[PDB]
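# Summary of structural features
Now for the letters of each chain:
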Amino acid sequence: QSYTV
Amino acid sequence: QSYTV
Amino acid sequence: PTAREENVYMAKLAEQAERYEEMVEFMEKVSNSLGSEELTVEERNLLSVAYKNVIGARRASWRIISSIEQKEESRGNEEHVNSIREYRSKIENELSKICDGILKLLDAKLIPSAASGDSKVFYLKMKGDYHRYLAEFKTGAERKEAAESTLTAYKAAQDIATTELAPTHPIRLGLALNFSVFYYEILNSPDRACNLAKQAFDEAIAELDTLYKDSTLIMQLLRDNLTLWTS
Amino acid sequence: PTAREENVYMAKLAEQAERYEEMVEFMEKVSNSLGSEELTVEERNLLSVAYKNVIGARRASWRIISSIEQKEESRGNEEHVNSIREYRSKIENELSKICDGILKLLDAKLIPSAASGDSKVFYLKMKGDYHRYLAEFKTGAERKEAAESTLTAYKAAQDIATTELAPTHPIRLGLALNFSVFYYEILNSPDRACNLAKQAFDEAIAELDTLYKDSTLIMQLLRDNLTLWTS
Ligand SMILES: C=CC(C)(C)OC[C@H]1O[C@H](O[C@@H]2C3=C([C@H](C)COC(C)=O)C[C@H](O)[C@]3(C)/C=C3/[C@@H](COC)CC[C@H]3[C@@H](C)[C@H]2O)[C@H](O)[C@@H](OC(C)=O)[C@@H]1O
Ligand SMILES: C=CC(C)(C)OC[C@H]1O[C@H](O[C@@H]2C3=C([C@H](C)COC(C)=O)C[C@H](O)[C@]3(C)/C=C3/[C@@H](COC)CC[C@H]3[C@@H](C)[C@H]2O)[C@H](O)[C@@H](OC(C)=O)[C@@H]1O
């Protein structure tokens, strides 16, 4: 997974 | 509070 | 003190006590509370932080389970795999319900009340986010439509953010972060993802160079993803 | 695969996914499952770790809320205090229910099946622990009886642990840790607490000296509390 906000 | 297990 | 004022205070208590389902319910009341006006910046933020945490837990549970299921099926052990998936189904039903409650609230109240670029990009982003959370576990035709919905919401959000908000704006910066993650993880298109991420990051640095802890963190995420995806 | 075998596997999944209410339910099934025999060491441990986490969350929420309520009432702000306490009530009802489910399970199945010093001290300790969790928030006559119940359970647990288990045994070591915390925090008797803590720690060191990561951690807690209480 990747970074999200 | 104190440490418990 | 007004009722709305109470629910808000209550939601901030729910947050401190970390009971997000309740924090959601309180902000959900304040939402359906006013009709003419829209939630304040604080209220709008409490509502998504609340949902974010509610969905985030099932998402974490889902990953763990999913990861285990993978290890087990490639181990040949099938008796376990059936229990892992039986458990995953349960986690997925909750994700579906959670996503459904906030998506309906977005169409019925949230979006119709956005009276500015700030809130319109904000609510449109949430819309994409939750259709994205669906897309993460869905597979067949369900995945395709969750994906289509995500793309539509993000594009609609981008049109407004690109014209009405600064490149340094955190909502716009977060929209880029998520939208690019959508390309990389659901559409498996690292090319479109990196372009977007890089472009949003660059425009921010540019604006910053010529003419917010808030935006600085989001930019750090855009960068961590860029370097991360370059592997 | 047996049904009991499935619930156990499921509970270990619930634990990984961190859905403790469910982990509790699964071990609760395995518990009511067998009648003649008692839960294995692994099963017995999964059941309390599950409850421990379920009660632990409400306990953390309770402290936060309680701490806030204190700050607010001493601020004179009363409109908030009524909402803080209204929220606390809710947290407390859950604590009551949680404590009730495990206490009933202890009397109906758990304790009657303990066929050794190991499990008897284990279940008797849990009994005291949950009456203690009650005592933490109760106040009037409710507190007095939760306290009395705690003391009875711990003393009964101690009699068996003192004679049947080694001073280095983790169950016995944990019983001392908790029992001494009971004296210090519910009975406000730092004297009786320090004696017990010190005595259990010393006997452990003694045995260790003459004739387990498990017990080493518990001892470190006994020490941290001893130094902590010496202030
Ligand atoms: C205290 C709790 C609440 C009220 C929720 O505030 C949390 C945070 O709320 C604001 O931050 C928002 C915000 C977050 C920031 C990125 C947090 O950054 C830092 C450095 O703390 C996290 C939240 O999820 C939130 C509300 C969400 C979003 C997200 C919205 O999706 C629809 C995409 C963009 C981003 C915007 C709205 C951020 O402005 C503030 O700008 C933050 O900055 C400050 C001053 O510390 C504060 O920590
Ligand atoms: C993996 C999960 C399960 C199955 C729950 O195991 C967790 C843990 O279960 C065992 O530890 C127990 C145990 C705990 C240990 C103190 C953990 O210590 C370390 C170093 O990990 C924490 C749990 O709450 C548990 C089950 C509880 C108690 C508690 C019982 O109250 C009625 C008082 C004493 C203590 C005993 C039963 C401990 O033996 C083991 O001895 C631990 O040690 C090892 C080898 O790492 C393991 O981490």
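Each chain carries its own residue count, beginning from 1 and running in the order its sequence is written; this scheme need not agree with the entry numbering, and residues with no coordinates do not appear. By the order in which they are written, chains take letters starting at A while ligands take numbers starting at 1. Excluded from the side-chain calculation are hydrogens and water; included are all heavy atoms of the structure.

- Judging from the entry metadata, X-ray crystallography is the method by which this structure was determined, and 2.7 Å is the reported resolution.

- Chain C is annotated in the PDB entry as 14-3-3-LIKE PROTEIN C from Nicotiana tabacum.
- Within the Protein Data Bank, this record goes by the title "Structural view of a fungal toxin acting on a 14-3-3 regulatory complex".

## Describing the interface of chain D and chain B
- Chain D puts 17 residues into the contact, and the matching count from chain B is five residues.
- Computed with a 1.4 Å rolling probe, the buried area is the accessible surface lost when two parts are put together, summed over both parts. Between chain D and chain B lies a buried interface of about 910 Å² when both sides are counted; carbon and sulfur atoms form 56% of it.
- Sorting the residues of chain D by area buried against chain B places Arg63(D), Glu185(D) and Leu221(D) first, and these three jointly supply 36% of that buried surface.
- Any carboxyl oxygen of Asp or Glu within 4 Å of a side-chain nitrogen of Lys or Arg constitutes a salt bridge here. Summed over the shared surface of chain D and chain B, the result is zero salt bridges.
- We call two N or O atoms a polar contact when they sit within 3.5 Å, provided that within protein one can donate a hydrogen and the other can accept it, with sequence-adjacent residues counted only if both atoms are side-chain atoms. Counting across the chain D and chain B interface gives five residue pairs in polar contact.
- Broken down by secondary-structure element, the contributors of at least two residues to the side of chain D that touches chain B are α3 (41-73), α5 (117-137), α7 (170-185) and α9 (213-229) of chain D.
- Classes in brief: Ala, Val, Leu, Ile, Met, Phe, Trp, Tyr, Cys and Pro nonpolar; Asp, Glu, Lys and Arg charged; the others, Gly included, polar. Of the residues assigned to the side of chain D that touches chain B, the class counts are seven nonpolar, three polar and seven charged. Contacts are assigned to residue pairs that have any heavy atoms within 4.5 Å of one another. The helix and strand labels rest on DSSP assignments: H or I over at least four residues marks a helix, E over at least two residues marks a strand, and numbering proceeds from the N terminus.

## Quick look at the site of ligand 2
- Close to ligand 2 lie 14 residues, the nearest being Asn45(D), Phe122(D), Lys125(D), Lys213(D) and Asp214(D).
- Definition of nearness: a residue and a molecule or strand are near each other if at least one heavy atom of the residue lies within 4 Å of the molecule or strand. Around ligand 2, the neighbouring residues derive from chains B and D rather than from a single chain.
- Within the contact set of ligand 2, an oxygen atom lies 3.2 Å away from a side-chain nitrogen or oxygen of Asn45(D).
- At a separation of 2.8 Å, an oxygen atom of ligand 2 approaches a polar side-chain atom of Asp214(D).
- Residue exposure ignores everything except the shown protein chains as possible cover, and the areas themselves are Shrake-Rupley values with a 1.4 Å probe. Protein coverage of the free-state accessible area of ligand 2, which is 870 Å², stands at 65%.
- Every element with two or more residues in the shell around ligand 2 is listed here: α3, α5, α7 and α9 of chain D.
- The element best represented in the shell around ligand 2 is α9(D), accounting for four residues.

## Some thoughts on the side chain of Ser189(D)
Residue and element names in this part refer to chain D.
- Note that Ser189 resides in the loop between α7 and α8 (190-209).
- Residue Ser189 is classed as buried on the basis of its relative accessible area, which comes to 14%.
- Not counting residues within four places of it along the chain, the set of residues in contact with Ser189 comprises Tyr183 and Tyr184. Under the scheme applied here, a residue whose accessible area is under 20% of the maximum for its type counts as buried, over 50% as exposed, and between as partly exposed, the area being computed with a 1.4 Å probe on protein chains only.

## Digging into the environment of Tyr123(C)
Residue and element names in this part refer to chain C.
- By the secondary structure assignment, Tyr123 is in helix α5 (residues 117-137).
- Along the chain, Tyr123 and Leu34 lie 89 residues apart, while their C-alpha atoms are 17 Å from each other.
- Contacts of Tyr123, omitting those with residues within four sequence positions, involve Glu38, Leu39, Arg44, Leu106, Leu110, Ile111 and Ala114.

## Comments concerning the site of ligand 1
Residue and element names in this part refer to chain C.
- In the vicinity of ligand 1 lie 14 residues, with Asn45, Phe122, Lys125, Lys213 and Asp214 positioned nearest.
- Contact between ligand 1 and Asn45: an oxygen atom at 3.2 Å from a side-chain N or O atom of the residue.
- At a separation of 2.8 Å, an oxygen atom of ligand 1 approaches a polar side-chain atom of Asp214.
- Compared with its free state, where it exposes 870 Å², ligand 1 has 66% of that area covered by protein.
- Contributing elements (two or more residues each) for the shell around ligand 1: α3 (41-73), α5, α7 (170-185) and α9 (213-229).
- The element that contributes the greatest number of residues to the shell around ligand 1 is α9, accounting for four residues.
- In the shell around ligand 1, the residues fall into nine nonpolar, one polar and four charged.

## As for the nonpolar core
- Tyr130(C) and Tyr130(D) are the most contacted members of the largest nonpolar core, which totals 150 residues.
- Once residues lying within four places of it in the same chain are set aside, the contact partners of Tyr130(C) are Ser48(C), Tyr51(C), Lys52(C), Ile55(C), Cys99(C), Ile102(C) and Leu103(C). Only buried residues count toward a nonpolar core. Its members are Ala, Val, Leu, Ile, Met, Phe, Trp, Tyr and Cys residues joined through side-chain atoms within 4.5 Å.

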